[PDB]
There are 2 protein chains.
Amino acid sequence: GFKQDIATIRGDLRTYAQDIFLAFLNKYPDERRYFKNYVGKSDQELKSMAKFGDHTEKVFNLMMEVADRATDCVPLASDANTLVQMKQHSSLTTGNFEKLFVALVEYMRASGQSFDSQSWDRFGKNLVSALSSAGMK
Amino acid sequence: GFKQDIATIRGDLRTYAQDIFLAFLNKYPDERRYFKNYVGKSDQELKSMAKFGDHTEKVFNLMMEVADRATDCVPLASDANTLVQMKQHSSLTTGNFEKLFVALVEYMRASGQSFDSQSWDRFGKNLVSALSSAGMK
Ligand code: HEM
Ligand code: HEM
Ligand SMILES: Oc1c(Br)cc(Br)cc1Br
């Protein structure tokens, strides 16, 4: 289930973080514009960049902590607030987060490996609700 | 489901309230001691007391609002904090709440009226967790 998924992802954080982030950018290519260092770079080019692996790991590590801090896929309001008041997120809307999760759920459903995909969708929905309540437009 | 069950209970609140609370006191009689003048009385004697219906109803009014304020059966932290800080709950530990929800779930399952008894199970456990987090022993 959802708790095992956190362990699956944590077990191979760098690989899952990179694969899921790329799946997001592939499904929603216009989202790349937010990451200026990644424009015009193939996947193998992106992996040769220290910041790409290091960013994507720090992103998914945080997501996993928020996921682990949740009860029945409802995140802490404090965690949503962290994400809203992060300076790297100043220009974002809840729509950006919706997109990331749609891509994450799609990736899970297409992977061999078992994931509790319904639960990640639900977590995504609850997190979007929380981001809105914490002031993200 | 859970959300509809809230409406069901609200639709016949005093009846459901007294009956569920009676189910609680009959399953766990030693519990009448937190209350005044409950001991030594049959169900019908209790239901004719001046206060019994009024106080049981008020408990359930608030229980339903806490259930309504929840997301996926996870109550609000501030709702838990209210229940912990109520002077009239000063003698309580989370176990008292545990016994109340065990009886409540047992009641729903035995009833003719369809309830999502397992969601109430979940909600009870999550409320206990929240009371602990709020500082209840
Ligand atoms: C729950 C989902 C998300 C989590 C947990 C998260 C976490 C983070 C963290 C921790 C950083 C700082 C990492 C660092 O500087 O080393 C970050 C940076 C950033 N994030 Fe978010 N993020 C999330 C969603 C998003 C979304 C939806 C977008 C936009 C589509 C976004 C855009 C950025 C950008 C552009 C940066 C700066 C790039 C960089 O770190 O070099 N993130 N993310
Ligand atoms: C989530 C479940 C509960 C809710 C929403 C709740 C809510 C309330 C409310 C709103 C009152 C004020 C009633 C009034 O003054 O008329 C109250 C009083 C009280 N509650 Fe709680 N309660 C809950 C669980 C419990 C449990 C499990 C116990 C003990 C086993 C308990 C013991 C008391 C006592 C002793 C009083 C005052 C004496 C009395 O009203 O007869 N309650 N409750
Ligand atoms: O910050 C994130 C981005 Br941008 C995309 C995906 Br998918 C997950 C996270 Br966390």
# chains A, B, ... in the order shown; residues from 1 in each chain; ligands from 1
>>> interface_residues(of="chain B", to="chain A", cutoff="12 Å", atoms="only C-alpha atoms", output="list in words")
residues 70, 71, 72, 73, 74, 75, 76, 77, 78, 119, 122, 123, 125, 126, 127, 129 and 130 of chain B
>>> calpha_fit_and_write(fixed="chain B", moving="chain A", output="short mmCIF file (atom, residue, chain, number, x, y, z; two decimals) with N, CA and C atoms, in the first residue's frame")
data_model
loop_
_atom_site.label_atom_id
_atom_site.label_comp_id
_atom_site.auth_asym_id
_atom_site.auth_seq_id
_atom_site.Cartn_x
_atom_site.Cartn_y
_atom_site.Cartn_z
N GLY A 1 -21.98 6.16 2.13
CA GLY A 1 -20.63 6.19 2.78
C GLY A 1 -20.61 7.05 4.03
N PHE A 2 -19.41 7.49 4.43
CA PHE A 2 -19.24 8.23 5.70
C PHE A 2 -20.08 9.53 5.72
N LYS A 3 -20.13 10.26 4.61
CA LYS A 3 -20.89 11.51 4.57
C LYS A 3 -22.38 11.25 4.72
N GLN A 4 -22.89 10.21 4.05
CA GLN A 4 -24.29 9.82 4.22
C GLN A 4 -24.58 9.43 5.68
N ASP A 5 -23.67 8.67 6.28
CA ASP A 5 -23.81 8.29 7.69
C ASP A 5 -24.01 9.48 8.61
N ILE A 6 -23.28 10.56 8.34
CA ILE A 6 -23.43 11.79 9.12
C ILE A 6 -24.87 12.31 8.99
N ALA A 7 -25.40 12.28 7.78
CA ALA A 7 -26.79 12.68 7.51
C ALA A 7 -27.84 11.74 8.14
N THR A 8 -27.58 10.44 8.07
CA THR A 8 -28.45 9.44 8.71
C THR A 8 -28.56 9.75 10.21
N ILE A 9 -27.40 9.91 10.85
CA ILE A 9 -27.33 10.17 12.28
C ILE A 9 -27.97 11.51 12.63
N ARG A 10 -27.61 12.56 11.88
CA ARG A 10 -28.17 13.90 12.10
C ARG A 10 -29.69 13.93 11.97
N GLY A 11 -30.21 13.13 11.04
CA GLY A 11 -31.65 13.07 10.76
C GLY A 11 -32.47 12.70 11.98
N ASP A 12 -31.92 11.79 12.78
CA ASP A 12 -32.54 11.31 14.00
C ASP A 12 -31.51 11.36 15.14
N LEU A 13 -30.95 12.55 15.39
CA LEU A 13 -29.84 12.68 16.35
C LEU A 13 -30.16 12.17 17.75
N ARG A 14 -31.31 12.55 18.29
CA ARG A 14 -31.66 12.14 19.66
C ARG A 14 -31.76 10.61 19.81
N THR A 15 -32.32 9.93 18.81
CA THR A 15 -32.46 8.47 18.87
C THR A 15 -31.12 7.75 18.70
N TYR A 16 -30.34 8.16 17.70
CA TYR A 16 -29.02 7.56 17.49
C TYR A 16 -28.05 7.89 18.63
N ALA A 17 -28.08 9.13 19.11
CA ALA A 17 -27.19 9.54 20.19
C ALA A 17 -27.44 8.67 21.43
N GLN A 18 -28.72 8.52 21.78
CA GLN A 18 -29.10 7.71 22.93
C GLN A 18 -28.80 6.22 22.71
N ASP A 19 -29.15 5.68 21.54
CA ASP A 19 -28.92 4.26 21.29
C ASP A 19 -27.43 3.91 21.29
N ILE A 20 -26.61 4.77 20.69
CA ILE A 20 -25.17 4.50 20.62
C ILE A 20 -24.48 4.69 21.97
N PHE A 21 -24.88 5.73 22.71
CA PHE A 21 -24.34 5.95 24.04
C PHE A 21 -24.69 4.79 24.98
N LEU A 22 -25.92 4.30 24.90
CA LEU A 22 -26.32 3.15 25.72
C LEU A 22 -25.56 1.89 25.31
N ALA A 23 -25.34 1.71 24.01
CA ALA A 23 -24.56 0.58 23.51
C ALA A 23 -23.13 0.61 24.08
N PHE A 24 -22.54 1.81 24.13
CA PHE A 24 -21.24 2.02 24.76
C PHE A 24 -21.23 1.63 26.24
N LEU A 25 -22.16 2.17 27.01
CA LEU A 25 -22.26 1.84 28.44
C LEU A 25 -22.56 0.36 28.72
N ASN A 26 -23.32 -0.27 27.82
CA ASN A 26 -23.64 -1.70 27.93
C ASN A 26 -22.45 -2.59 27.67
N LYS A 27 -21.64 -2.23 26.67
CA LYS A 27 -20.47 -3.02 26.31
C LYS A 27 -19.37 -2.82 27.33
N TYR A 28 -19.29 -1.60 27.87
CA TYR A 28 -18.25 -1.25 28.82
C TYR A 28 -18.88 -0.63 30.07
N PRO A 29 -19.53 -1.46 30.91
CA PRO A 29 -20.33 -0.93 32.03
C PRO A 29 -19.54 -0.09 33.02
N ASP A 30 -18.24 -0.34 33.12
CA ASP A 30 -17.42 0.40 34.06
C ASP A 30 -17.27 1.86 33.63
N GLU A 31 -17.59 2.16 32.37
CA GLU A 31 -17.56 3.53 31.85
C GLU A 31 -18.67 4.40 32.43
N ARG A 32 -19.74 3.78 32.93
CA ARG A 32 -20.80 4.55 33.58
C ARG A 32 -20.31 5.39 34.77
N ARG A 33 -19.25 4.93 35.45
CA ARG A 33 -18.78 5.56 36.70
C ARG A 33 -18.46 7.04 36.51
N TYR A 34 -18.14 7.40 35.26
CA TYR A 34 -17.80 8.78 34.86
C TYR A 34 -19.02 9.69 34.81
N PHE A 35 -20.20 9.09 34.62
CA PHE A 35 -21.49 9.77 34.58
C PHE A 35 -22.31 9.45 35.83
N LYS A 36 -22.05 10.18 36.91
CA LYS A 36 -22.66 9.92 38.22
C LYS A 36 -24.20 10.00 38.26
N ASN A 37 -24.79 10.86 37.43
CA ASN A 37 -26.24 10.99 37.37
C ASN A 37 -26.95 9.80 36.71
N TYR A 38 -26.18 8.88 36.13
CA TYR A 38 -26.76 7.77 35.37
C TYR A 38 -26.65 6.41 36.07
N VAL A 39 -25.89 6.33 37.16
CA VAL A 39 -25.75 5.08 37.93
C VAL A 39 -27.11 4.63 38.45
N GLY A 40 -27.42 3.34 38.28
CA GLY A 40 -28.61 2.74 38.88
C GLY A 40 -29.93 3.15 38.25
N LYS A 41 -29.86 3.56 36.99
CA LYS A 41 -31.04 3.98 36.25
C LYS A 41 -31.19 3.10 35.02
N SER A 42 -32.41 2.62 34.78
CA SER A 42 -32.70 1.85 33.58
C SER A 42 -32.64 2.79 32.38
N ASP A 43 -32.77 2.23 31.18
CA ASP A 43 -32.91 3.04 29.97
C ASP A 43 -34.12 4.02 30.00
N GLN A 44 -35.30 3.55 30.42
CA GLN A 44 -36.49 4.41 30.45
C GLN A 44 -36.38 5.51 31.51
N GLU A 45 -35.68 5.21 32.60
CA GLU A 45 -35.36 6.21 33.62
C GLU A 45 -34.43 7.28 33.07
N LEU A 46 -33.43 6.86 32.29
CA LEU A 46 -32.44 7.79 31.72
C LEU A 46 -33.06 8.75 30.71
N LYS A 47 -33.97 8.23 29.90
CA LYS A 47 -34.73 9.06 28.95
C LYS A 47 -35.68 10.09 29.61
N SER A 48 -36.11 9.82 30.84
CA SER A 48 -36.97 10.75 31.57
C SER A 48 -36.15 11.87 32.20
N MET A 49 -34.82 11.80 32.05
CA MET A 49 -33.95 12.82 32.63
C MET A 49 -33.51 13.83 31.58
N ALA A 50 -33.85 15.10 31.82
CA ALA A 50 -33.56 16.16 30.86
C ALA A 50 -32.10 16.15 30.40
N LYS A 51 -31.18 16.09 31.37
CA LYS A 51 -29.74 16.12 31.09
C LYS A 51 -29.27 14.95 30.22
N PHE A 52 -29.89 13.78 30.37
CA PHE A 52 -29.47 12.60 29.59
C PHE A 52 -29.66 12.82 28.09
N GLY A 53 -30.87 13.22 27.70
CA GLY A 53 -31.15 13.51 26.29
C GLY A 53 -30.38 14.71 25.80
N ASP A 54 -30.43 15.78 26.58
CA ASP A 54 -29.83 17.05 26.21
C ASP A 54 -28.35 16.83 25.94
N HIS A 55 -27.30 15.90 27.24
CA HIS A 55 -25.90 15.51 27.19
C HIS A 55 -25.64 14.76 25.93
N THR A 56 -26.46 13.73 25.68
CA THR A 56 -26.19 12.75 24.60
C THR A 56 -26.32 13.37 23.23
N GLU A 57 -27.31 14.26 23.09
CA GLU A 57 -27.42 15.06 21.88
C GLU A 57 -26.22 15.99 21.67
N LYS A 58 -25.81 16.72 22.72
CA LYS A 58 -24.70 17.66 22.58
C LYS A 58 -23.39 16.93 22.28
N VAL A 59 -23.26 15.71 22.79
CA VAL A 59 -22.10 14.87 22.53
C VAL A 59 -22.06 14.45 21.05
N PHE A 60 -23.18 13.95 20.54
CA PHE A 60 -23.20 13.42 19.18
C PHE A 60 -23.27 14.51 18.13
N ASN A 61 -23.83 15.66 18.50
CA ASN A 61 -23.78 16.82 17.62
C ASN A 61 -22.34 17.22 17.39
N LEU A 62 -21.56 17.27 18.47
CA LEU A 62 -20.15 17.63 18.35
C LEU A 62 -19.41 16.58 17.53
N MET A 63 -19.65 15.30 17.81
CA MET A 63 -18.98 14.24 17.04
C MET A 63 -19.27 14.38 15.56
N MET A 64 -20.52 14.70 15.21
CA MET A 64 -20.91 14.85 13.81
C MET A 64 -20.24 16.05 13.15
N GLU A 65 -20.03 17.12 13.91
CA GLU A 65 -19.33 18.28 13.37
C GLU A 65 -17.86 17.96 13.13
N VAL A 66 -17.23 17.28 14.10
CA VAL A 66 -15.85 16.82 13.93
C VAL A 66 -15.76 15.88 12.72
N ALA A 67 -16.71 14.94 12.63
CA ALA A 67 -16.78 14.02 11.50
C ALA A 67 -16.93 14.75 10.16
N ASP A 68 -17.77 15.78 10.14
CA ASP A 68 -17.99 16.57 8.93
C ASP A 68 -16.77 17.46 8.62
N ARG A 69 -16.01 17.87 9.65
CA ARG A 69 -14.84 18.72 9.42
C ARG A 69 -13.63 17.90 8.95
N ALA A 70 -13.76 16.57 8.99
CA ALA A 70 -12.64 15.68 8.62
C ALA A 70 -12.50 15.56 7.10
N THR A 71 -11.29 15.23 6.63
CA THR A 71 -11.07 14.89 5.23
C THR A 71 -10.62 13.43 5.23
N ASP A 72 -11.31 12.60 4.44
CA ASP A 72 -11.06 11.15 4.39
C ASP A 72 -10.86 10.56 5.79
N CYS A 73 -11.77 10.91 6.70
CA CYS A 73 -11.79 10.39 8.09
C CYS A 73 -10.61 10.81 8.96
N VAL A 74 -9.88 11.83 8.52
CA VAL A 74 -8.83 12.44 9.33
C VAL A 74 -9.37 13.74 9.92
N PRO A 75 -9.52 13.80 11.26
CA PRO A 75 -10.11 14.97 11.91
C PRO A 75 -9.11 16.11 11.99
N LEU A 76 -9.62 17.33 12.11
CA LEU A 76 -8.76 18.49 12.34
C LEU A 76 -8.09 18.40 13.70
N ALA A 77 -6.80 18.71 13.72
CA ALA A 77 -6.07 18.80 14.98
C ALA A 77 -6.75 19.75 15.97
N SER A 78 -7.35 20.83 15.47
CA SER A 78 -8.06 21.79 16.33
C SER A 78 -9.27 21.17 17.04
N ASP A 79 -9.98 20.29 16.33
CA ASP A 79 -11.11 19.56 16.92
C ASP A 79 -10.68 18.57 18.01
N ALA A 80 -9.61 17.82 17.75
CA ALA A 80 -9.02 16.97 18.79
C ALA A 80 -8.64 17.79 20.02
N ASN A 81 -8.02 18.95 19.80
CA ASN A 81 -7.67 19.81 20.93
C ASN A 81 -8.87 20.29 21.73
N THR A 82 -9.95 20.66 21.05
CA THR A 82 -11.21 20.97 21.74
C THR A 82 -11.58 19.84 22.71
N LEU A 83 -11.54 18.60 22.24
CA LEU A 83 -11.96 17.46 23.05
C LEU A 83 -11.03 17.20 24.23
N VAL A 84 -9.74 17.46 24.05
CA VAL A 84 -8.77 17.23 25.13
C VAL A 84 -8.91 18.27 26.25
N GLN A 85 -9.10 19.54 25.88
CA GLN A 85 -9.13 20.64 26.85
C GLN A 85 -10.53 20.97 27.38
N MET A 86 -11.52 20.16 26.99
CA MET A 86 -12.83 20.21 27.63
C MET A 86 -12.74 19.74 29.08
N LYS A 87 -13.28 20.53 30.00
CA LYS A 87 -13.19 20.20 31.42
C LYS A 87 -13.93 18.90 31.78
N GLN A 88 -15.00 18.60 31.05
CA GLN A 88 -15.71 17.35 31.25
C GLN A 88 -14.84 16.15 30.85
N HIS A 89 -13.67 16.41 30.25
CA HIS A 89 -12.79 15.31 29.80
C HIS A 89 -11.44 15.24 30.50
N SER A 90 -11.27 16.00 31.58
CA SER A 90 -9.96 16.15 32.25
C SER A 90 -9.30 14.84 32.70
N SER A 91 -10.12 13.88 33.13
CA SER A 91 -9.63 12.63 33.71
C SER A 91 -9.54 11.49 32.69
N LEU A 92 -9.90 11.77 31.44
CA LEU A 92 -9.95 10.72 30.42
C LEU A 92 -8.61 10.40 29.78
N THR A 93 -8.54 9.20 29.20
CA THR A 93 -7.40 8.77 28.41
C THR A 93 -7.92 8.39 27.03
N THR A 94 -7.02 8.17 26.07
CA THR A 94 -7.45 7.80 24.72
C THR A 94 -8.21 6.47 24.72
N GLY A 95 -7.95 5.63 25.73
CA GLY A 95 -8.65 4.35 25.92
C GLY A 95 -10.15 4.48 26.07
N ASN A 96 -10.59 5.55 26.73
CA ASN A 96 -12.01 5.83 26.86
C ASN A 96 -12.64 6.07 25.50
N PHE A 97 -11.93 6.81 24.66
CA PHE A 97 -12.41 7.13 23.32
C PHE A 97 -12.38 5.92 22.40
N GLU A 98 -11.35 5.08 22.54
CA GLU A 98 -11.26 3.82 21.81
C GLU A 98 -12.53 3.00 22.07
N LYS A 99 -12.84 2.80 23.34
CA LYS A 99 -14.04 2.05 23.78
C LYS A 99 -15.34 2.58 23.16
N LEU A 100 -15.55 3.90 23.20
CA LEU A 100 -16.77 4.50 22.64
C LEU A 100 -16.92 4.13 21.17
N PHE A 101 -15.81 4.18 20.44
CA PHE A 101 -15.82 3.89 19.01
C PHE A 101 -15.99 2.41 18.67
N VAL A 102 -15.32 1.53 19.42
CA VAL A 102 -15.54 0.09 19.28
C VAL A 102 -17.05 -0.18 19.44
N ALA A 103 -17.67 0.40 20.46
CA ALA A 103 -19.11 0.22 20.66
C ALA A 103 -19.94 0.82 19.51
N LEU A 104 -19.52 1.99 19.01
CA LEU A 104 -20.23 2.66 17.92
C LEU A 104 -20.19 1.82 16.64
N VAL A 105 -19.01 1.29 16.33
CA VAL A 105 -18.81 0.44 15.14
C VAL A 105 -19.61 -0.87 15.26
N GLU A 106 -19.57 -1.48 16.45
CA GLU A 106 -20.38 -2.67 16.70
C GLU A 106 -21.87 -2.38 16.47
N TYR A 107 -22.35 -1.27 17.02
CA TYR A 107 -23.76 -0.87 16.86
C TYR A 107 -24.12 -0.72 15.37
N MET A 108 -23.25 -0.05 14.62
CA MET A 108 -23.48 0.15 13.18
C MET A 108 -23.59 -1.16 12.41
N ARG A 109 -22.68 -2.09 12.70
CA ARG A 109 -22.63 -3.39 12.03
C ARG A 109 -23.82 -4.28 12.36
N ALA A 110 -24.39 -4.10 13.55
CA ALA A 110 -25.57 -4.86 14.00
C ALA A 110 -26.92 -4.26 13.59
N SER A 111 -26.92 -2.99 13.20
CA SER A 111 -28.15 -2.32 12.82
C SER A 111 -28.54 -2.79 11.44
N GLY A 112 -29.83 -2.75 11.14
CA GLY A 112 -30.25 -2.96 9.77
C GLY A 112 -29.54 -1.88 8.98
N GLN A 113 -30.22 -0.76 8.79
CA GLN A 113 -29.63 0.41 8.15
C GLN A 113 -28.20 0.16 7.68
N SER A 114 -27.86 0.70 6.51
CA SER A 114 -26.50 0.70 6.04
C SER A 114 -25.72 1.75 6.83
N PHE A 115 -24.55 1.35 7.29
CA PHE A 115 -23.49 2.32 7.63
C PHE A 115 -22.18 1.93 6.99
N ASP A 116 -21.30 2.91 6.80
CA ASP A 116 -19.92 2.67 6.37
C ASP A 116 -19.09 2.45 7.62
N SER A 117 -19.24 1.25 8.16
CA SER A 117 -18.62 0.89 9.42
C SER A 117 -17.08 0.89 9.39
N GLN A 118 -16.47 0.43 8.29
CA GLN A 118 -15.01 0.50 8.18
C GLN A 118 -14.48 1.91 8.39
N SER A 119 -15.23 2.89 7.89
CA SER A 119 -14.82 4.29 7.90
C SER A 119 -14.95 4.88 9.30
N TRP A 120 -15.99 4.49 10.05
CA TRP A 120 -16.10 4.95 11.44
C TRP A 120 -15.02 4.40 12.32
N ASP A 121 -14.60 3.17 12.05
CA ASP A 121 -13.48 2.56 12.77
C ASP A 121 -12.22 3.37 12.50
N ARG A 122 -11.99 3.67 11.22
CA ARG A 122 -10.81 4.42 10.79
C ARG A 122 -10.79 5.83 11.38
N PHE A 123 -11.94 6.51 11.32
CA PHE A 123 -12.14 7.83 11.94
C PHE A 123 -11.82 7.78 13.44
N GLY A 124 -12.35 6.76 14.12
CA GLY A 124 -12.03 6.52 15.52
C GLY A 124 -10.53 6.40 15.77
N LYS A 125 -9.85 5.60 14.95
CA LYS A 125 -8.39 5.43 15.07
C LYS A 125 -7.63 6.74 14.86
N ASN A 126 -8.00 7.48 13.82
CA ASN A 126 -7.36 8.76 13.52
C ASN A 126 -7.63 9.79 14.62
N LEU A 127 -8.84 9.76 15.19
CA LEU A 127 -9.18 10.68 16.27
C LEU A 127 -8.38 10.35 17.52
N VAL A 128 -8.21 9.07 17.83
CA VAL A 128 -7.40 8.67 18.98
C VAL A 128 -5.96 9.16 18.81
N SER A 129 -5.40 8.97 17.61
CA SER A 129 -4.07 9.46 17.28
C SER A 129 -3.98 10.97 17.54
N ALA A 130 -4.98 11.71 17.06
CA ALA A 130 -5.02 13.16 17.26
C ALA A 130 -5.15 13.59 18.73
N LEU A 131 -5.93 12.85 19.51
CA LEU A 131 -6.08 13.14 20.93
C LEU A 131 -4.75 12.95 21.67
N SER A 132 -4.02 11.90 21.31
CA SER A 132 -2.71 11.64 21.87
C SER A 132 -1.74 12.79 21.57
N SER A 133 -1.74 13.24 20.31
CA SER A 133 -0.88 14.34 19.85
C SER A 133 -1.25 15.69 20.50
N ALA A 134 -2.52 15.84 20.87
CA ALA A 134 -3.00 17.03 21.59
C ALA A 134 -2.84 16.93 23.12
N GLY A 135 -2.26 15.83 23.60
CA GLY A 135 -1.83 15.73 25.00
C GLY A 135 -2.59 14.79 25.92
N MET A 136 -3.63 14.14 25.41
CA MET A 136 -4.34 13.15 26.20
C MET A 136 -3.45 11.93 26.40
N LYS A 137 -3.35 11.50 27.66
CA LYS A 137 -2.59 10.31 28.05
C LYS A 137 -3.41 9.06 27.79
#
>>> select_by_dssp(residues="stretch 10-73 of chain B", states="helix (DSSP H, G or I)", output="ChimeraX atom specification")
/B:10-11,13-27,29-34,43-47,52-69
>>> decode(residues="stretch 50-76 of chain B", atoms="N, CA and C atoms", output="short mmCIF file (atom, residue, chain, number, x, y, z; two decimals), in the first residue's frame")
data_model
loop_
_atom_site.label_atom_id
_atom_site.label_comp_id
_atom_site.auth_asym_id
_atom_site.auth_seq_id
_atom_site.Cartn_x
_atom_site.Cartn_y
_atom_site.Cartn_z
N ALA B 50 -33.68 14.03 33.10
CA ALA B 50 -33.75 15.41 32.62
C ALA B 50 -32.63 15.74 31.64
N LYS B 51 -31.43 15.25 31.94
CA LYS B 51 -30.19 15.65 31.28
C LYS B 51 -29.72 14.68 30.21
N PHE B 52 -30.08 13.41 30.36
CA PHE B 52 -29.44 12.32 29.59
C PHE B 52 -29.52 12.54 28.09
N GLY B 53 -30.74 12.71 27.59
CA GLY B 53 -30.95 13.00 26.17
C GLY B 53 -30.22 14.26 25.76
N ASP B 54 -30.30 15.30 26.59
CA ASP B 54 -29.74 16.61 26.24
C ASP B 54 -28.22 16.56 26.14
N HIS B 55 -27.55 16.00 27.14
CA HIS B 55 -26.09 16.02 27.15
C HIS B 55 -25.56 15.20 26.01
N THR B 56 -26.38 13.52 25.78
CA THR B 56 -25.98 12.59 24.75
C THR B 56 -26.04 13.28 23.39
N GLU B 57 -27.14 14.01 23.14
CA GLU B 57 -27.31 14.77 21.89
C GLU B 57 -26.18 15.77 21.66
N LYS B 58 -25.82 16.55 22.68
CA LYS B 58 -24.77 17.54 22.48
C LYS B 58 -23.42 16.91 22.13
N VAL B 59 -23.11 15.78 22.77
CA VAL B 59 -21.93 14.97 22.42
C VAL B 59 -21.96 14.61 20.93
N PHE B 60 -23.11 14.13 20.48
CA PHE B 60 -23.22 13.69 19.10
C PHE B 60 -23.29 14.84 18.10
N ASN B 61 -23.87 15.98 18.50
CA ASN B 61 -23.81 17.19 17.67
C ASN B 61 -22.35 17.50 17.32
N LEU B 62 -21.50 17.51 18.34
CA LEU B 62 -20.09 17.84 18.14
C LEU B 62 -19.38 16.71 17.42
N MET B 63 -19.71 15.46 17.76
CA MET B 63 -19.06 14.33 17.08
C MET B 63 -19.30 14.39 15.56
N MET B 64 -20.54 14.69 15.17
CA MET B 64 -20.86 14.85 13.76
C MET B 64 -20.14 16.01 13.10
N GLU B 65 -19.97 17.14 13.80
CA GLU B 65 -19.21 18.24 13.21
C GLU B 65 -17.74 17.88 13.03
N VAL B 66 -17.19 17.14 13.99
CA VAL B 66 -15.79 16.69 13.91
C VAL B 66 -15.67 15.73 12.72
N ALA B 67 -16.64 14.83 12.59
CA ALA B 67 -16.67 13.91 11.45
C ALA B 67 -16.82 14.66 10.12
N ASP B 68 -17.60 15.74 10.12
CA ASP B 68 -17.82 16.55 8.92
C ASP B 68 -16.55 17.34 8.55
N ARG B 69 -15.85 17.85 9.56
CA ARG B 69 -14.66 18.66 9.38
C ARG B 69 -13.47 17.80 8.94
N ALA B 70 -13.65 16.48 8.97
CA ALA B 70 -12.56 15.56 8.63
C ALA B 70 -12.37 15.44 7.13
N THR B 71 -11.19 15.00 6.72
CA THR B 71 -10.94 14.61 5.32
C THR B 71 -10.53 13.16 5.36
N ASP B 72 -11.15 12.31 4.54
CA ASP B 72 -10.85 10.88 4.49
C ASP B 72 -10.80 10.28 5.90
N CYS B 73 -11.75 10.67 6.75
CA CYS B 73 -11.85 10.15 8.12
C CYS B 73 -10.71 10.58 9.05
N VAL B 74 -9.97 11.62 8.66
CA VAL B 74 -8.89 12.18 9.49
C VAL B 74 -9.39 13.49 10.11
N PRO B 75 -9.56 13.52 11.44
CA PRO B 75 -10.12 14.75 12.02
C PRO B 75 -9.10 15.89 12.03
N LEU B 76 -9.59 17.12 12.12
CA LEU B 76 -8.74 18.29 12.32
C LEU B 76 -8.02 18.25 13.68
#
